[PDB]
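Below: the structure, in structure tokens.
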Amino acid sequence: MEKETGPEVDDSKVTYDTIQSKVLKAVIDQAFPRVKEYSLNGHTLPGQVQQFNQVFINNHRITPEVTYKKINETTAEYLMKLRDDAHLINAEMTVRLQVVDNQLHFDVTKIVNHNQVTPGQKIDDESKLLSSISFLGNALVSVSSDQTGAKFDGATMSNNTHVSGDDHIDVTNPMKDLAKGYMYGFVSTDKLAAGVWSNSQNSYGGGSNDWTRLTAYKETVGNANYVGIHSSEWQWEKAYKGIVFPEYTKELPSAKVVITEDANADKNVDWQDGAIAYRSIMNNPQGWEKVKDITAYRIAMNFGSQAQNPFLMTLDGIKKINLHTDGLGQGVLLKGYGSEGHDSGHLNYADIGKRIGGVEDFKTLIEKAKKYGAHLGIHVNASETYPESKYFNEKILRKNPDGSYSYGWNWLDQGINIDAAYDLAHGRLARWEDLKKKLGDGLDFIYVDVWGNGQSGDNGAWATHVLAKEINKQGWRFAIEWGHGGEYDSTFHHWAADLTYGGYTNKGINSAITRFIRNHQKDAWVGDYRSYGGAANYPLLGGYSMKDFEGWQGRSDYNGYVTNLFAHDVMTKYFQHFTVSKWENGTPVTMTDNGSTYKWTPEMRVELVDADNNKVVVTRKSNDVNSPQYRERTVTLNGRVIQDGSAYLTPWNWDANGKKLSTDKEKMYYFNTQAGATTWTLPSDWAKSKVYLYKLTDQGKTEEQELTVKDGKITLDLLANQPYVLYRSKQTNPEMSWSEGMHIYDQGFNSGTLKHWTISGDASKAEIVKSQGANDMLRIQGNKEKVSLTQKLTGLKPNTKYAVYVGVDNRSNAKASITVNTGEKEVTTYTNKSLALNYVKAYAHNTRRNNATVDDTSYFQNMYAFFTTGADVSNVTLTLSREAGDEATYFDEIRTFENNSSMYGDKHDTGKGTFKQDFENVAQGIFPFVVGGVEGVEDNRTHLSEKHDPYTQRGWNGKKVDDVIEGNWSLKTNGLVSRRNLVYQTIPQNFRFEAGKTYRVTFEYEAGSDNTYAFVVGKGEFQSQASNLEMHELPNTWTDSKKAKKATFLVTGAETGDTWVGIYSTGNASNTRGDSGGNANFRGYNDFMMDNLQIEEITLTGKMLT
Ligand SMILES: CO[C@H]1O[C@H](CO)[C@H](O)[C@H](O[C@@H]2O[C@H](CO)[C@H](O)[C@H](O)[C@H]2O)[C@H]1NC(C)=O
Ligand SMILES: [Ca+2]
Ligand SMILES: [Ca+2]
Ligand SMILES: [Ca+2]
Ligand SMILES: [Mn+2]
């Protein structure tokens, strides 16, 4: 390439003025809001040196008619009239340029469209809107190739761990052309650096073209190349299908430049100085301050009406983590907080799940969690919904160009995508306001699932900013799924934080510039995940690594959750308590993974600082990618080593909520992923102190040991992958008030003692033991006489109907019972040997080997008693008992909660009399059935269906069968045809078919096809050596009937007491009648619904006999 030239500048017709602070002077054109040049400390940066007196309005070139006024020494104002009759533009905008110390602010302060436009109303011609405003062509700041050290550095979005989003371009003549959008951009010489911010929600496309709030352009002027940074175009009045969006979607255009000399004392001026200064002018995502102290993120899941994780139970998990981490902050995302659980009832944000304890228990969880620094978030959806939802309506549904529905996912029900732009234009905001009104204060974050993938149409930068603003306005922090989503407003990205998702092309933001700037504000980055290579091969700043133990994707591994917190997240979070000040790359390395061999340039040293001038230095131990030392770092704090390789001894000076700890609560955490002694220099304020070590377990601080300090050092030779904490004085563990609000003390056996139970019988026969998943349970075994454990149920309401269950897995033939005595009445329920394995994936005691009870299986099922308090609730007792037996019964999770069922002879209480289940008042699950093994351990596709006429019922979009047969609820199975396996069954603890007695079992049912489902009678444990079943295939209910059919069966209890009934998925193919795909799923060909179950003990007489 040859030396380039362009027109020189003739400014003979130009009148310049100057505005200035004490440190920065800007020469500005009186004809147009353009900065020609900046001066600071005798150094200069050009702005837009060549006049370009045009703007683009709705993509039309306009020469504005401009009048000017200098307002004061720092501020000038421009009135800019905009007219283009041919394109229906008739408007004016006011712009101010203002110097604020070393910042220049560009603000459009007023916009007037002379066309009639009313936000929220129809507009007959959208071209009359003033929808976009572009000052592209006027650089806010630039640098010339004639200046020493001229360079541009910019970040674009990359989520591919192999590919940096950053460009580092020397500004030379000649140089390659440049006309490119950026998220962040800096120009610098060897004397000054500048960074540019804009609130522009411009996009030039997806991927690296998105979030492009800036545009950088090379312009050749005389014999110099300039690279200038421009704001990208701004948005203003917009509409969808002629309906103008609400006023709150309009945000006045704004941009800022900041100009700095050396800002990290390294005696070089470069983009890093610009990035430090940029923090003073940038947007900050709402809630960002909380991020650095949320060390323990995880999901607690509910699904399919099961109430796996009631709100008050999550509080016990929080207390376990509070003990085990010694008071680190937590963030629990409630996936399934609403409706029947996860992926039920979407869009109705205010519909807080009733079966997990409703708004009352959610409020209690939020309030009581505060003292543990545990913040709650909820999972919502703004992209797809189901017929059951209050907000399912034809008008909101997304349709394809051919008029067909844009179907969403099918699981419990068939979802349909919604049109997000329509939704915004028709009251979406009010749904968030309803939730805020119902729930009140204190919720931390909203995680909006899916958004960004285009299911609901446009989910780009502008639309996301609007959505985030709705959420932030209620006082909530924004979180989203994708590495590329919500770059402007998000504080958490699930595909960045869970390193296992999506593979190497789908992770966090792979940009050193962006991470430099914002590391401390969000979990949006590339974390350590060696098999993705590139940036993921041991990032020096770490990066959030999320695991779970409360049911999400069947995750139950509590111990692995805790070790991962300490292996990745403690140091990640430590660094977020500082801001990055310096970033040094090493030499390129060659890596091979994921089908490619590629070059990668790694960070070798990162420095961070805080407002107290603490200095952290993080150094990679080798640049050699094939050395073990490439995946090791040292960390120093003011020169003192706090991490080296597999071990750290890190100070922690913040409580669970991030507040500064008092001196006597200052601590250090030790963790080593390897065996071996390590030696550490103590800081001066520890070196002459006594020092005590504690091993951290789910019981808190244990195994107190005073350490020997020698020469101001300590040596630690402790268990690998085990957290410890150190203090300068003896510490104790506080009272946890286990299970507060749940009417019983320590419902999950987490407190390490049984002393709060009154034990009758031989107490040595009752112990707390760990499941195969380390879940503590009550075990009773080897007892020759009855053993009982009793507590009062406390805090109950008088004259109130309740349910109580305990999870029970009984390996003994002995009677294992739950008994409630209200003071006035006693009710009892029991099980002999358990016969149904647990197949609920989000439930902690399902039968997956790694959270099995014992012998690699779990038969846990909830065992209920139903009772009513009288006038006095001072002496209501709950007793767990086990009659004599050699083998073990396991109990866990005692849940007492209001319930208004009337299942026993039309009365609430456990008692005799005809059994009826109308499904209208189910405590949880599908009682008296439990889910069977048809799908193995799964988020079972059987749940309680909720009525929403007409959408859930026959006829809507050709639906063949009703979701709900009578009342508001039925028992629905979705699409489980041709599986040759058991869908669900009664178990004797739920309904016992007494030995030698005969019962009439009646129910109403819908079935979409003939003989796809069968009513079955079995006994004992079902085996798919396959068990004998009495088989009654059921015909479809719609080809020859306008409603559910009634079925009736006689069943005599086997002498072994273990008879049950259920619904079985046959081997027969279903019939979708020529329909396919979404229509076939929606219309219910493959579905089965039950309602109005009745089981009546009878004596066979007359024609019953035949
Ligand atoms: C194409 O299947 C994948 O994506 C769908 C959504 O379009 C599902 O998320 C699916 O995961 C499955 O989700 C259901 C609940 O909807 C259930 O939780 C299953 O355990 C889970 O496999 C996902 N992957 C698949 C089917 O492998
Ligand atoms: Ca510097
Ligand atoms: Ca437990
Ligand atoms: Ca019903
Ligand atoms: Mn449903």
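Assess whether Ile321 counts as being surrounded by fewer than 23 Cβ atoms within 10 Å (Cβ to Cβ) and more than 16 Å from ligand 5 (Cβ to nearest atom).
Spelling it out, it is not the case that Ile321 is surrounded by fewer than 23 Cβ atoms within 10 Å (Cβ to Cβ) and more than 16 Å from ligand 5 (Cβ to nearest atom).
Which residue out of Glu893, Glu887 is in contact with a helix residue (DSSP H, G or I) (Cβ under 8 Å, 6 or more places away or on another chain) and either outside the structural domain of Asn990 (by CATH) or within 30 Å of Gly551 (Cα to Cα) (or both)?
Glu893
What tally of residues in the range 943-993 results from selecting those that are in a loop (DSSP other than H, G, I, E, B), within 16 Å of ligand 4 (Cβ to nearest atom) and β-branched (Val, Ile, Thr)?
Going through the range 943-993 one residue at a time, the tally reaches 4.
Select from the range 14-61 the residues that are in contact with a helix residue (DSSP H, G or I) (Cβ under 8 Å, 6 or more places away or on another chain) and surrounded by fewer than 21 Cβ atoms within 10 Å (Cβ to Cβ) and list them in ascending order.
Across the range 14-61, the qualifying residue is only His60.
Quick one: which residue in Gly748, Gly795 is under 16 Å from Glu893 (Cβ atoms) and small (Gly, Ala, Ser)?
Result: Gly748 is the single residue among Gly748, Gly795 that is under 16 Å from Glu893 (Cβ atoms) and small (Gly, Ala, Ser).
Looking only at the range 821-863, count every residue that is more than 39 Å from the chain's Cα centre (by Cα) and part of a loop (DSSP other than H, G, I, E, B) and tell me the total.
Residues that pass the stated criteria total 6.
How many of the residues making up the range 252-295 are in contact with a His (Cβ under 6 Å, 6 or more places away or on another chain) and closer than 23 Å to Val35 by Cα?
Residues that pass the stated criteria total 1.
Identify all residues within the range 980-1033 that are surrounded by 15 or more Cβ atoms within 10 Å (Cβ to Cβ) and of a type in the set (S, T, N, Q); write none if there are none.
Matches in the range 980-1033: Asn981, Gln985, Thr986, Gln989, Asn990, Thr998, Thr1002, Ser1009, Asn1011, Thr1012.
Of the residues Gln576, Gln553, which is of a type in the set (S, T, N, Q) and within 16 Å of ligand 1 (Cβ to nearest atom)?
Exactly one residue qualifies, and that residue is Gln553.
Give the residue, chosen from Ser232, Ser305, that is within 16 Å of ligand 4 (Cβ to nearest atom) and not β-branched (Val, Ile, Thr).
Checking each option against the conditions leaves just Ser305.
Out of (1) surrounded by fewer than 19 Cβ atoms within 10 Å (Cβ to Cβ); (2) under 28 Å from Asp1058 (Cβ atoms), the odd one out for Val922 is which?
In the conditions (1) surrounded by fewer than 19 Cβ atoms within 10 Å (Cβ to Cβ); (2) under 28 Å from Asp1058 (Cβ atoms), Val922 misses (1) alone.
Of everything in the range 835-876, what is surrounded by fewer than 22 Cβ atoms within 10 Å (Cβ to Cβ) and of a type in the set (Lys, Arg)? Give them in sequence order.
Matches in the range 835-876: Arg848, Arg849.
Could you list, in sequence order, all residues of the range 174-201 that are out of contact with any helix residue (DSSP H, G or I) (no Cβ under 7 Å at 6 or more places or on another chain), over 25 Å from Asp262 (Cα atoms) and surrounded by fewer than 24 Cβ atoms within 10 Å (Cβ to Cβ)?
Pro174, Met175, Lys176, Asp177, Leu178, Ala179, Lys180, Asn199
Output the strands (runs of 3 or more DSSP E) that fall wholly within the range 588-684 and possess 1 or more residues being within 18 Å of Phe575 (Cβ to Cβ), or say none.
Where strands (runs of 3 or more DSSP E) fall fully within the range 588-684 and carry at least 1 residues being within 18 Å of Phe575 (Cβ to Cβ), they are 603-609, 615-620, 633-637, 640-644, 647-652, 667-672.
How many of the residues making up the range 43-66 are within 26 Å of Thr18 (Cα to Cα) and assigned to a loop (DSSP other than H, G, I, E, B)?
Here the count works out to 10.
What pairs come out if I take residues in the range 1063-1081 that are over 28 Å from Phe1022 (Cβ atoms) and pair them with residues that are surrounded by fewer than 18 Cβ atoms within 10 Å (Cβ to Cβ) and of a type in the set (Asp, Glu) whose C-beta lies under 9 Å away, six or more apart or interchain?
none
Numbers and lists here come from the model and the stated rules, or from a named source; these are not laboratory values. Using ideal geometry, Cβ is built from the backbone for each residue, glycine included, and neighbour counts are taken over all protein chains shown.
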